[PDB]
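J.:
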Amino acid sequence: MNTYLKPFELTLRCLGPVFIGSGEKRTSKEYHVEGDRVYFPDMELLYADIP
RNA sequence: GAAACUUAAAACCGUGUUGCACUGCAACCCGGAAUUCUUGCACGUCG
């Protein structure tokens with residue numbers, strides 16, 4: 001600490017899901033599911049290998 | 001004694017640099033102080 005500046009330690013444990021949005025929304029033409037797990041590939045790496 | 005100009009003519013003139021050498025020069029910070037800062041949940045509403 002310091003003799004005029006007093007810090008603390010704020011710890012947050014989530015009991016439910018937490019969503020802090022970024023302003024970004026992804027369409028269905030970027031990901032595709034496999035059972036329950038949905039895969040998010042890199043958008044430029046799947047374009048570079050395609051001829 | 002009464003009567004007849006020591007007069008006439010003649011430039012104080014000719015030639016000649018107020019000229020020769022000489023740095024308005026030497027030394028000197030446009031320098032010292034100053035937060036592009038203060039407030040703000042990527043969120044609300046579901047026959």
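Residue numbers are given in the authors' numbering: position 11 of the first sequence equals residue 11, and the series is strictly consecutive. Cβ atoms here follow ideal geometry from the backbone N, Cα and C, with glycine treated the same way.
1. With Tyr31 and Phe40 assumed to form a contact (beta carbons below 8 Å), what rounded beta-carbon distance in angstroms separates them?
2. What would DSSP say about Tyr47, mapped onto helix, strand or coil?
3. Starting from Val18, follow its DSSP beta bridges and name the residues at the other end.
4. Can you tell which of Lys29, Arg37 and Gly35 has its C-alpha closest to the C-alpha of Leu46?
T.: Per the coordinate set shown:
1. Working through the first sequence from its first residue, we reach residue 31 at position 31. Working through the first sequence from its first residue, we reach residue 40 at position 40. The beta-carbon separation of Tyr31 and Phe40, rounded to 5 Å, stays under the 8 Å limit for a contact.
2. In the first sequence, residue 47 corresponds to position 47, counting from 1. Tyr47 falls in the helix class under three-state DSSP.
3. Mapped onto the first sequence, residue 18 falls at position 18. BP columns for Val18 are empty, so no partner.
4. Here residue 46 is taken as the residue at index 46 of the first sequence, counted from 1. Checking every option, the nearest Cα to that of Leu46 belongs to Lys29.
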